[PDB]
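Written out below as structure tokens is the structure these notes cover.
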Ligand SMILES: CC/C=C\c1cc2c(cc1O)CC[C@@H]1[C@@H]2CC[C@]2(C)[C@@H](O)CC[C@@H]12
Ligand SMILES: CC/C=C\c1cc2c(cc1O)CC[C@@H]1[C@@H]2CC[C@]2(C)[C@@H](O)CC[C@@H]12
């Protein structure tokens, strides 16, 4: 999940 | 000639 | 001109409560278990019957008969499934976990899996129903919300009678807050509660958009025959 | 606890004003004719880049970072197109008849006819822009509505987060505070609050139509969508 990753970056 | 149309007239 | 712009807050409520449609019955036969086509036939048979009562209810919504017949048609085409759903949700408020389609058709979350694609919509309806119950939605507020959906849902997809519609929408806002002042709410709680009720209409609109797509899938796959009124009602959304 | 619940109205506005994402440019090349595919490509290219700024902005929305990651995902997955759309309409307010997707991408409705099924959504977007213009929507009210959309659109599909409702209630307080300060009477205040909140229902409508249209472009292979966009589309279910 890209979103999940972008949200913790 | 919609049914809705008629029902609203009625 | 009009007379709807000069009703008092108490007479607005009174008019709206008096305009309420009756609660209709299913012709469900509780001896015959369900299929995807039987329940669905049952649901759209009731919907069709509810629709003819809704049209006579709208005509009783103060300010409505002031609109052009063309404008009344467009507003009901836009709003019908929303109005059906807010009704269902309100009926089902005190039956946690169940949708009360009719006094004799009370369906469990799990029975929605009888129809394909139906359960995700059931869930949204049930969650809305839970929201209502949590807020302790009152009957007087309900009738306001329902009128607001009628007038609001198609207003922007139209002689600036948008302005007349907006004027009466303003009267129903006043009515809503009058009911809240009357219930002893502080100013801050009135304005917070009004916002809560109105943000749910966003979710009701979401559910109608999804329901229309489902209804359309069942139309194409000819799983159930839909009445002429339903067909035309469904055709307006594409 | 939450540093959102004790913010004042003025600190709420200020926080949300500074969180605003920048205006991005289109990679529009005005030396080739628009096709259905080329315009959809321009549109989804820009959307994908705005998405990244939106994710950054959401975390600056008071209360949003209190939530779990799974809740944050659900919320953005639910509201993203609505948020793109409300920003566009706001950008387009003082361009009557036009949609300012980017400063180098200002489109009228006839240019929307390039993509099939598009012009209908363009018309709804333009009528919303017009509505914002007749209401004289202010920047401060806009940042509050945009945040309400983020918190509210996915909240009922949490299948009770009263923390979400706490914050939504504080934004309600904030909007009324801005209306009080703007000199609106008490009844004008609640009247306007309703008018603004009722428009969020039309934005939901536009978002659902646009999601069905985007799915349709994907299913007909008119345009390659980024994996992020593909994922955002997937969170919704269509046919
Ligand atoms: C049996 C209840 C009576 C009216 C009624 C019916 C409905 C609803 C409310 C009613 O009062 C709301 C849900 C409706 C459903 C009709 C069939 C739909 C549109 C499905 O294709 C998708 C969503 C279904
Ligand atoms: C292009 C400007 C940047 C972002 C942006 C994009 C859009 C919009 C707003 C943006 O800021 C609003 C409409 C969106 C459109 C993206 C493509 C969609 C989803 C079509 O398939 C149907 C509706 C289109």
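Readers should treat all values here as calculations from the given coordinates under stated rules, not as data from a laboratory. Every residue, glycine among them, receives a Cβ derived from its backbone with ideal geometry; neighbour counts consider all protein chains shown.
Quick notes
- Residues of segment C:37-53 that are under 13 Å from residue B:8 (Cα atoms) and more than 10 Å from every other protein chain (Cβ to nearest Cβ): C:53 alone.
- Segment C:180-232: number of residues that are within 22 Å of residue B:3 (Cβ to Cβ), more than 10 Å from ligand 1 (Cβ to nearest atom) and more than 12 Å from chain D (Cβ to nearest Cβ): 7
- Counted residues, segment D:15-51 - those being surrounded by fewer than 14 Cβ atoms within 10 Å (Cβ to Cβ) and within 19 Å of the chain's Cα centre (by Cα): 5
- Scoring residue C:26 on the criteria (1) farther than 26 Å from residue C:222 by Cβ; (2) within 14 Å of ligand 1 (Cβ to nearest atom) leaves a single failure, condition (1).
- Residue C:117 vs. criteria more than 18 Å from the chain's Cα centre (by Cα), surrounded by fewer than 22 Cβ atoms within 10 Å (Cβ to Cβ) and within 25 Å of residue C:224 (Cα to Cα): yes
- Failed condition for residue C:174, given (1) crowded, with 22+ Cβ neighbours inside 10 Å; (2) more than 21 Å from residue C:82 (Cβ to Cβ): (1)
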